[PDB]
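Data first, discussion second: the structure below is written as structure tokens.
So basically every Cβ, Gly included, is an ideal-geometry build from the backbone, and we count neighbours across all protein chains shown. A short reminder: the numbers here are calculations on the coordinates, not readings from a lab.
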Amino acid sequence: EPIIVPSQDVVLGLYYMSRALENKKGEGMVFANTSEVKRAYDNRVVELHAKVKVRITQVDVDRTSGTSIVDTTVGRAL
Amino acid sequence: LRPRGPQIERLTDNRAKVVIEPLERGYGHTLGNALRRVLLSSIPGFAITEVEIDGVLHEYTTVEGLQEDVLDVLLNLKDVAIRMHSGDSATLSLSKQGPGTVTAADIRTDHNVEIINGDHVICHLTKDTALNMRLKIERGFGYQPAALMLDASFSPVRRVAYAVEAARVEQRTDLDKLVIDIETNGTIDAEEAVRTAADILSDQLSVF
Amino acid sequence: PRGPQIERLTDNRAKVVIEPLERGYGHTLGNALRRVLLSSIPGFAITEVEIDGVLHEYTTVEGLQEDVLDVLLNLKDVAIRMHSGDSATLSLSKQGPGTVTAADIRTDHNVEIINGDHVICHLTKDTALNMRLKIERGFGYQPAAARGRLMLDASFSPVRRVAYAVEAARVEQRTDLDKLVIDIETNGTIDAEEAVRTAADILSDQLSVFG
Amino acid sequence: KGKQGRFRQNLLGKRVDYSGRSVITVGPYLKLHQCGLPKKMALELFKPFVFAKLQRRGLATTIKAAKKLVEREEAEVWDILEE
Amino acid sequence: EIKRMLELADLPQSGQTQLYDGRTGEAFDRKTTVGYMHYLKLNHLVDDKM
């Protein structure tokens, strides 16, 4: 195991950002990429804990690129 | 203390990096925030708010007849940028020619509206009898949600991130250095966007 | 656009009203003016104190109840408003029993002193107190190290606390225009109008680098 | 023999120069490969390299004038210590 | 008794009020505990150890 582990103050922020709630403002919408999620969060129109289905592009190593739609949280998209 | 600059580094074709001289202690963060929110949600622009695709159009995902789904078509049409003249509204029509690959430079252009990017695909066509789409442009100032209806980002920038580093002159040690990252879509320059943001903030401070 | 509206709740603490701003302009302007009203405005303070009987700041002088450090902190507590000039020198002469206030000093026509309900020191015996002061101009906080003679710290800040809040104004416009109020609490040295005037001057001089 | 003998206090563990100690705080702006260091502490530790660079730059003919220029603490010794 | 002494003045009951950030001017998500604590200074200075 690596000896560098994130300590309590950063895993507290990661646990606050990664959690999801039931009823929050700005849920149920579809976003294009990560930059649209950042632009929506920075304008204070969507909460940090909201079940928002976003679309992200990631490559796969064996390098082939692919796109898919996942139902995640706004904080997990950020 | 008056800073000497601003030095701008264009590391990409659309992403820039503004490096400002070391300011006084405390001015850098408030100047970065007052430039960031003004660049984010004060600069007006043009975007696409709604689309009218031919066919059934009963739901947002209940459609067929193409290689990709219509939701990916709507998300690819949402992410494109468009500028225009001082007119408020504009109606555009997009139509394909056959089973090929359509780009952003296929809309029947008007003399009043212009297209920024030409190499930007939205979908792939594999069958004949391609349907035509109708698009509408509304002028806005910031970000607007949906509340055939789509979201629209009227801001010309995509992501603005600023950071305060540590830089000191030989005389004094406690000075703040501001580095702003601007990612414009390409309808305007990044230095021009920073200049119009500073002019807007200067007019808003000179009115009061 | 209409101009700042001034409310008068207290003679020492005023309140300005700015309306109507557009959507998304209240918070940035409020935070910028709050930070500049907190840590940019220059003022006047006492830098050095020259007393004939007091050699260093740790001795004891006959006839005084408190020590020399209490007199130095009480001289640091008071505020002095000067009209013109970058330097001044004020002297005080008080003998006999009784309290020593800030109004007992000898001031000039341009040097204006607050009435000074806070006392400086307490005299008991019939000892004369000849004390010479010096006022200088500056901004921020300057320590005594980095600048029979004494040295005193100076806090060139006439503003104590700045708060603000954004409220909505029902006006027939294209959207929901919001207003903001700013209550500035000072020490009586600076007024709430020229403070935000020099704050806007500082903002216009700082935003002049672009273009 | 023993812990306080000539074998454990002077052979395995020795007192070394070019070294010092201080308290530690937390720095969030630093990177993983870099750390902070005080100015006077780094001036005391990197004193021979500062003397060699002052002899190479020509600001002092002898090491006595270079030592007096170090203890005078002007801006050129800060430029040398930063370089 | 602590809740009564808090409720006697114009102070909240739970002792947690919402404070704003001074850097960006925005509001935090939760309310934090604000109060006066008797804080002292030790004798272990930084000049003695450096």
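Out of all the residues in the stretch B:57-90, which are more than 14 Å from chain A (Cβ to nearest Cβ) and either within 16 Å of B:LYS127 (Cβ to Cβ) or out of contact with any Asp or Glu (no Cβ under 9 Å at 6 or more places or on another chain) (or both)? Matches in the stretch B:57-90: B:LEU57, B:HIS58, B:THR62, B:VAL63, B:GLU64, B:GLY65, B:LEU66, B:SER86, B:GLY87. The numbered conditions (1) under 27 Å from B:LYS17 (Cβ atoms); (2) assigned to a strand (DSSP E or B); (3) more than 21 Å from the chain's Cα centre (by Cα) are all true for B:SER202 except (2). Can you confirm whether the stretch C:200-207 contains a residue that is loosely packed, with under 13 Cβ neighbours inside 10 Å and of a type in the set (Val, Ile, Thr)? Checking the stretch C:200-207: not a single residue is loosely packed, with under 13 Cβ neighbours inside 10 Å and of a type in the set (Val, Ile, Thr).
Select, from B:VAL18, B:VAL38, B:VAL63, B:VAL51, the only residue that is among the β-branched types (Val, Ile, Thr) and part of a helix (DSSP H, G or I). Break it down into steps so the answer makes sense when it comes.
Numbers: B:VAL18 fails: part of a helix (DSSP H, G or I); B:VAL63 fails: part of a helix (DSSP H, G or I); B:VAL51 fails: part of a helix (DSSP H, G or I).
Answer to the check: B:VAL38.
Filter the stretch B:28-51 for residues that are among the polar types (S, T, N, Q), within 11 Å of chain C (Cβ to nearest Cβ) and in contact with an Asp or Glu (Cβ under 9 Å, 6 or more places away or on another chain) and give the result. Let's see the steps before the verdict.
Step one: list which residues in the stretch B:28-51 are among the polar types (S, T, N, Q), which gives B:30, B:33, B:41-42, B:49.
Next, only the ones that are within 11 Å of chain C (Cβ to nearest Cβ) stay: B:30, B:33, B:41-42.
Once the filter is applied, which keeps residues that are among the polar types (S, T, N, Q), within 11 Å of chain C (Cβ to nearest Cβ) and in contact with an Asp or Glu (Cβ under 9 Å, 6 or more places away or on another chain), the stretch B:28-51 yields B:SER41, B:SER42.
Per the listing B:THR187, B:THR196, B:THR126, B:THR173, the residue uniquely of a type outside the set (A, V, I, L, M), at negative phi and not in a loop (DSSP other than H, G, I, E, B) is B:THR196. B:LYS136 - would you say it is within 12 Å of another protein chain (Cβ to nearest Cβ) and either basic (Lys, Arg) or in contact with a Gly (Cβ under 6 Å, 6 or more places away or on another chain) (or both)? Answer is no for this residue. Only one entry of C:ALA195, C:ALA168, C:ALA146 meets the criterion of being among the aliphatic types (A, V, I, L, M), loosely packed, with under 13 Cβ neighbours inside 10 Å and away from every other protein chain (no Cβ under 12 Å), and that entry is C:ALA168.
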